[PDB]
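Have a look below at one chain only, the form deposited in one PDB entry, in structure tokens format.
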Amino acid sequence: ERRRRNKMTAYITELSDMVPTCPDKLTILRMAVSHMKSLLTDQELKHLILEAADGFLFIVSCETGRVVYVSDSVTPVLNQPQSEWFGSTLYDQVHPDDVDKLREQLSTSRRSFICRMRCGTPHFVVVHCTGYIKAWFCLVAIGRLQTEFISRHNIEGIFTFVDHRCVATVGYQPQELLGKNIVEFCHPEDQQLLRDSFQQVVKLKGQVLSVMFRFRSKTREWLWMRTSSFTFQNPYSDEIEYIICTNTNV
């Protein structure tokens, strides 16, 4: 072929552009030889994992949980001295509720699991761990890193989800709103407005309409309140899953 030679040449050119001491074919063929004779690296693969997955390696005895080893990458990953970790126990570095899960993964193959570890200079970060069981037993593993309140209703207007902030916004416990119609909390004079909003967001399916109305707090006082809100539809069936609302104390 014609371009066969042309891409072999583009390779050669590419080579000369990357070999800084660097002529003809035999030569660059051999200058490359000497220039790599000067120079994947072992400890560098480590930096690759660190950069890519934000992972660090560690090896812990299976029987006890003893850290027979931790790579220093632990300090960029977890803000931990290598000393703080090495010679320690893996149960020491995980959330207490992850203790059990952890035990199962260390009984007497591949291993893969997720767990909260401690960082610091009491906070936990989630950690994906992979690796395998080698004899010595031990586990060779890598751990990498990864004003208003909101409500959902059925198309009738029944509260079917509120975040705890309703307590701070309107005085009610979530239980005292859940199961009831948002219109039941609406001032008379405004109820038709609220319902117009609810017929409309459903007809104008997808989009956000917003409406204002008074809302009786737990202490009975009428609270002006703006709710922008929109229907949410099922990605497959396009059935209306529910209406999503953000009820902002005006």
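When you see a residue number, it is the position in the sequence shown, counting from 1. If you superpose the two forms and keep the largest set of C-alpha atoms that fall within 1.5 Å, you have the rigid core.
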> Should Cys22 be counted as unmodelled in at least a third of the other PDB entries compared?
Replying inline: yes
> Relative to the other PDB entries of this protein in the set, is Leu40 coordinate-less in at least a third?
Replying inline: yes
> What is the count, as a class, of unmodelled deposited residues between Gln146 and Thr147: none, 1 to 3, 4 to 9, or 10 or more?
Replying inline: 10 or more
> When you step from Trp136 to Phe137 in this entry, do you jump over none, 1 to 3, 4 to 9, or 10 or more residues of the deposited sequence that have no coordinates?
Replying inline: 10 or more
> Looking only at CA atoms, which has the higher mean B factor in the entry: 125-133 or 79-87?
Replying inline: 79-87
>> So, looking at the entry's B-factor column for Cα atoms, which has the higher mean, 29-37 or 185-193?
In response: 29-37
>> Taking only the Cα B-factors deposited for this chain, tell me whether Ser16 sits in the lowest, middle or highest third.
In response: highest
>> Going by the CA temperature factor in the PDB record, which third of the chain does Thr227 belong to: lowest, middle or highest?
In response: middle
>> Where does the C-alpha B-factor of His47 rank in its chain, lowest, middle or highest third?
In response: middle
> By the record's CA B-factor, is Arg220 among the lowest, middle or highest third of residues in the chain?
Replying inline: middle
> Should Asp97 be placed in the lowest, middle or highest third of its chain by the C-alpha B factor in the entry?
Replying inline: lowest
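What comes next is about the form deposited in another entry, which is not displayed.
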>> Core-aligned, between this form and the one not shown, one residue among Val67, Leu57, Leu209, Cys62 moves its CA by 2 Å or more. Tell me which.
In response: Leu209
>> So that I can tell if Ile240 moves, could you say whether its C-alpha shifts by at least 2 Å between this form and the one not shown after the core superposition?
In response: no
